[PDB]
Amino acid sequence: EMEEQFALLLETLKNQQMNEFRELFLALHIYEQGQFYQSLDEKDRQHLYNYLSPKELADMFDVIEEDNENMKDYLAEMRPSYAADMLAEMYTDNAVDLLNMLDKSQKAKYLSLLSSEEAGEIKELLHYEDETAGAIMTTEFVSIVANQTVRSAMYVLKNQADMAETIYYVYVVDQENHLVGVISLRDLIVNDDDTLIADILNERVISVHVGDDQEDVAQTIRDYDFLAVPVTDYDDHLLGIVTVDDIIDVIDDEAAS
Amino acid sequence: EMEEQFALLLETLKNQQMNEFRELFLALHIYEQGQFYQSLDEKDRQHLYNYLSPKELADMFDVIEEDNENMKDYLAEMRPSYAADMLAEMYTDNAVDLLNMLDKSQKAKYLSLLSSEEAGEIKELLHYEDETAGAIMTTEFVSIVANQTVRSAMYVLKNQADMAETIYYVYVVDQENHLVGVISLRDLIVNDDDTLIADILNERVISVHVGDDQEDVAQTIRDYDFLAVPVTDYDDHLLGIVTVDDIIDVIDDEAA
Ligand SMILES: [Mg+2]
Ligand SMILES: [Mg+2]
Ligand SMILES: [Mg+2]
Ligand SMILES: [Mg+2]
Ligand SMILES: [Mg+2]
Ligand SMILES: [Mg+2]
Ligand SMILES: [Mg+2]
Ligand SMILES: [Mg+2]
Ligand SMILES: [Mg+2]
Ligand SMILES: [Mg+2]
């Protein structure tokens with residue numbers, strides 16, 4: 001089981017077998033990657049930073065509990081530049097959370113190490129009040145325009161949607177980024193290449209307001225059985241999405257409360 | 001906003017304009033369909049049974065919360081054959097849940113009114129002890145074999161879209177139906193149509209056992225952030241899937 005695999009992994013790590021390590025580590029689901037990593041002593045963590053790129057390390061951090069508390073120093077032991085690149089690769093919702101956990105000093109220092117484009121989304125979402133949709137949503141969603149074909153929509157997905165949180169829902173917006181429709185991937189794939197998105201999209205797209213209370217958001221997810229839900233401002237501008245995996249954590253919090 | 005839509009609907013009922021009703025009703029998400037239905041009296045409800053086919057009504061009952069002390073009455077007030085056909089169209093996990101909320105007699109009643117095939121999976125999952133994986137899983141999952149092209153896989157996916165519980169995780173089983181791997185529709189979409197499933201499938205497949213406690217299943221879905229999780233027996237035979245939307249109800253239950 002888990003034990004066996006981790007043991008082999010620890011050995012490739014010590015013997016500094018970079019490629020063997022990478023193959024094994026990267027074969028693990030990001031949650032298992034997190035457990036393995038959270039078991040390592042400070043020495044082995046360092047080696048690990050040498051065999052994984054900031055993007056790869058970010059995939060794992062996305063799921064490590066930011067309240068862990070051993071944060072601060074996980075990031076501290078990292079070369080500031082490396083940490084910053086890693087924060088810039090995590091999903092925005094997770095990045096914002098990490099930052100709000102570090103001491104007020106670290107937060108600005110790491111944030112300072114990022115370019116304008118790298119910190120852009122992180123800076124917007126930091127503004128949202130804790131426990132509101134804006135505070136638990138993320139920016140990596142897929143949006144397209146109506147007067148496009150499925151062939152065209154499907155091209156974005158295949159060659160231009162690697163950064164997206166999820167592609168299982170495709171949101172349709174107009175030029176001003178107004179949310180005007182939605183189409184699930186499962187409805188999309190069964191349509192002809194030439195069909196126009198505008199002809200098969202759903203006009204009754206359900207969304208929440210960026211200032212709504214997480215509990216209300218959770219209720220929407222609970223009622224509609226959605227794996228994600230779009231977030232907008234009063235003007236209906238698509239700002240982000242809240243995913244079911246995070247809502248579960250929210251639900252866990254409300255209960256324990 | 002929602003109160004208005006419902007008004008235009010209730011109106012098509014008092015007017016008995018089947019076509020107009022169906023176009024407005026079927027435009028709603030099944031949850032809103034459920035609320036509309038649940039706010040009707042005996043007679044508009046009856047009208048609804050006339051304007052909706054069993055599988056259409058099933059699409060809605062799938063999300064109607066059993067334990068609602070009305071199922072007994074909802075099913076009772078509708079034509080036996082109609083109600084039976086509606087059970088056969090609901091997703092298996094939900095059909096089993098509804099049946100177990102009905103009087104031992106009624107359960108037998110509708111059960112007997114179903115063909116061997118219509119009731120197959122229903123009767124299989126009916127024997128699973130309450131609160132175990134088997135008791136909260138469903139059978140409408142998509143499985144494929146490792147030695148085929150992505151194109152072949154996609155072909156199967158499109159055909160299952162309409163019936164499967166979900167097509168976002170595709171399970172790979174062997175000739176004997178042993179769970180050997182898994183691949184997400186997302187990975188399929190970004191791979192070349194020529195690529196062989198066996199070359200891109202994930203070997204480390206996470207699963208749970210039919211007898212596992214729902215709480216443990218809930219924990220697994222919580223940690224791995226899964227939309228669904230496969231269920232097997234001790235011999236690794238893929239028996240079904242437990243989806244995230246249902247695990248949330250489990251979690252609500254486990255809480256207070
Ligand atoms: Mg977190
Ligand atoms: Mg947050
Ligand atoms: Mg639900
Ligand atoms: Mg959505
Ligand atoms: Mg998230
Ligand atoms: Mg139910
Ligand atoms: Mg229990
Ligand atoms: Mg059940
Ligand atoms: Mg989780
Ligand atoms: Mg279900």
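Note: hydrogens, waters and symmetry copies are ignored here, and every other heavy atom, side chains too, is used. Chain identifiers are assigned alphabetically (A, B, ...) following the order of the sequence lines, protein sequences preceding nucleic acid strands; residue numbering begins at 1 within each chain.
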Check the angle between the aromatic planes of B/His178 and B/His237 and answer parallel, tilted or perpendicular using the 30° and 60° thresholds.
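Because their plane-to-plane angle is under 30°, the rings of B/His178 and B/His237 count as parallel.
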Assign the ring pair A/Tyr171 / A/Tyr169 to parallel, tilted or perpendicular, where the plane angle (0 to 90°) is split at 30° and 60°.
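Geometry flag for A/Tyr169 against A/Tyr171: tilted rings.
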Checking B/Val208 against B/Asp216 for the side-chain contact (heavy atoms from CB on, under 4.5 Å) test, could you report, in this order, the C-alpha distance in whole Å, the side-chain angles of both residues, the deciding distance, and whether it holds?
CA-CA 9 Å; B/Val208 307; B/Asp216 296 321; over 6 Å; no
Tell me whether [X] at atom [atom1] has more than 12 heavy atoms from other residues, nucleotides or ligands lying less than 6.0 Å away.
{"X": "A/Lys158", "atom1": "NZ", "result": "yes"}
{"X": "B/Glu69", "atom1": "CD", "result": "no"}
{"X": "A/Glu65", "atom1": "CD", "result": "no"}
{"X": "A/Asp162", "atom1": "CG", "result": "no"}
{"X": "A/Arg204", "atom1": "CZ", "result": "yes"}

Taking atom [atom1] of [X] and atom [atom2] of [Y], what is their separation to the nearest 0.5 Å?
{"X": "A/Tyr168", "Y": "B/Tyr168", "atom1": "OH", "atom2": "OH", "value": "8.0 Å"}
{"X": "B/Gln214", "Y": "B/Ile251", "atom1": "CD", "atom2": "CD1", "value": "8.0 Å"}
{"X": "B/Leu179", "Y": "B/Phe141", "atom1": "CG", "atom2": "CZ", "value": "9.0 Å"}
{"X": "B/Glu77", "Y": "B/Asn70", "atom1": "CD", "atom2": "CG", "value": "8.5 Å"}
{"X": "A/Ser207", "Y": "A/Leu238", "atom1": "OG", "atom2": "CG", "value": "8.5 Å"}
{"X": "B/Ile200", "Y": "B/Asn191", "atom1": "CD1", "atom2": "CG", "value": "3.5 Å"}

Minimum-distance pair of heavy atoms, taken over all atoms of [X] and [Y]:
{"X": "B/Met101", "Y": "B/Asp67", "answer": "CE-CA, 3.1 Å"}
{"X": "A/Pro230", "Y": "A/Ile241", "answer": "CA-CG2, 4.0 Å"}
{"X": "B/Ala84", "Y": "B/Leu114", "answer": "O-CD2, 3.2 Å"}
{"X": "B/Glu66", "Y": "B/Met71", "answer": "CA-SD, 3.8 Å"}
{"X": "A/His29", "Y": "B/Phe226", "answer": "CE1-CE2, 3.8 Å"}
{"X": "B/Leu201", "Y": "B/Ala146", "answer": "CD2-CB, 3.9 Å"}

When you compare the side chain of [Y] with that of [X], does any pair of heavy atoms fall below 4.5 Å?
{"X": "B/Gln38", "Y": "B/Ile64", "result": "yes"}
{"X": "B/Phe61", "Y": "B/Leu75", "result": "yes"}
{"X": "A/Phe36", "Y": "A/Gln5", "result": "no"}
{"X": "B/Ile122", "Y": "B/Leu111", "result": "yes"}
{"X": "B/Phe21", "Y": "B/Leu48", "result": "yes"}
{"X": "B/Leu185", "Y": "A/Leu185", "result": "yes"}
{"X": "B/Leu102", "Y": "B/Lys72", "result": "yes"}
{"X": "B/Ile248", "Y": "A/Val244", "result": "yes"}

Between [X] (side chain) and [Y] (backbone), is there a donor-acceptor pair under 3.5 Å?
{"X": "B/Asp41", "Y": "B/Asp44", "answer": "yes"}
{"X": "B/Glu56", "Y": "B/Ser53", "answer": "yes"}
{"X": "B/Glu176", "Y": "B/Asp174", "answer": "no"}
{"X": "B/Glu129", "Y": "B/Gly211", "answer": "no"}
{"X": "B/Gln160", "Y": "B/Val156", "answer": "no"}
{"X": "A/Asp212", "Y": "A/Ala133", "answer": "no"}
{"X": "B/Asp213", "Y": "B/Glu215", "answer": "yes"}
{"X": "B/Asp103", "Y": "B/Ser105", "answer": "no"}

Could you walk me through whether B/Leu57 and B/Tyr49 satisfy the side-chain contact (heavy atoms from CB on, under 4.5 Å) test, starting with their C-alpha distance in whole Å, then the side-chain angles of each, then the deciding distance to 0.1 Å, before giving a yes or no?
CA-CA 8 Å; B/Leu57 191 74; B/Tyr49 304 126; 3.9 Å; yes
State whether a side-chain donor-acceptor pair under 3.5 Å links [X] with [Y].
{"X": "B/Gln46", "Y": "B/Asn50", "answer": "no"}
{"X": "B/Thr243", "Y": "B/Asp245", "answer": "yes"}
{"X": "B/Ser184", "Y": "B/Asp187", "answer": "yes"}

Using the benzene-type ring in the case of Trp, are the ring centres of B/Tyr74 and B/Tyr37 under 6.0 Å apart?
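They qualify: ring centres under 6.0 Å apart.
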Just do the side-chain contact (heavy atoms from CB on, under 4.5 Å) check on B/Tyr224 and A/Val63 with the steps written out, would you?
CA-CA 9 Å; B/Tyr224 292 86; A/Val63 300; over 6 Å; no
Selection residues 134-155 of chain B - residue pairs positive for side chain to side chain donor-acceptor pair (under 3.5 Å), sequence neighbours left out
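Counting only pairs at least two positions apart or across chains, the side chain to side chain donor-acceptor pair (under 3.5 Å) contacts touching residues 134-155 of chain B are B/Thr92-B/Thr139, B/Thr92-B/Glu140, B/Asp93-B/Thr138, B/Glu121-B/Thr139, B/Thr138-B/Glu140, B/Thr149-B/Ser152.
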Verify side chain to side chain donor-acceptor pair (under 3.5 Å) between B/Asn19 and B/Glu23, making sure each step is shown before the conclusion.
CA-CA 6 Å; B/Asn19 285 295; B/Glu23 200 174 64; over 6 Å; no
Identify the residue among A/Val170, A/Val205, A/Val150 that makes a side-chain contact (heavy atoms from CB on, under 4.5 Å) with A/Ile183.
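Answer after filtering A/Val170, A/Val205, A/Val150: A/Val170.
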Where do B/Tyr51 and B/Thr12 land on the side-chain contact (heavy atoms from CB on, under 4.5 Å) test, with the steps shown first?
CA-CA 11 Å; B/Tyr51 312 151; B/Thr12 62; over 6 Å; no
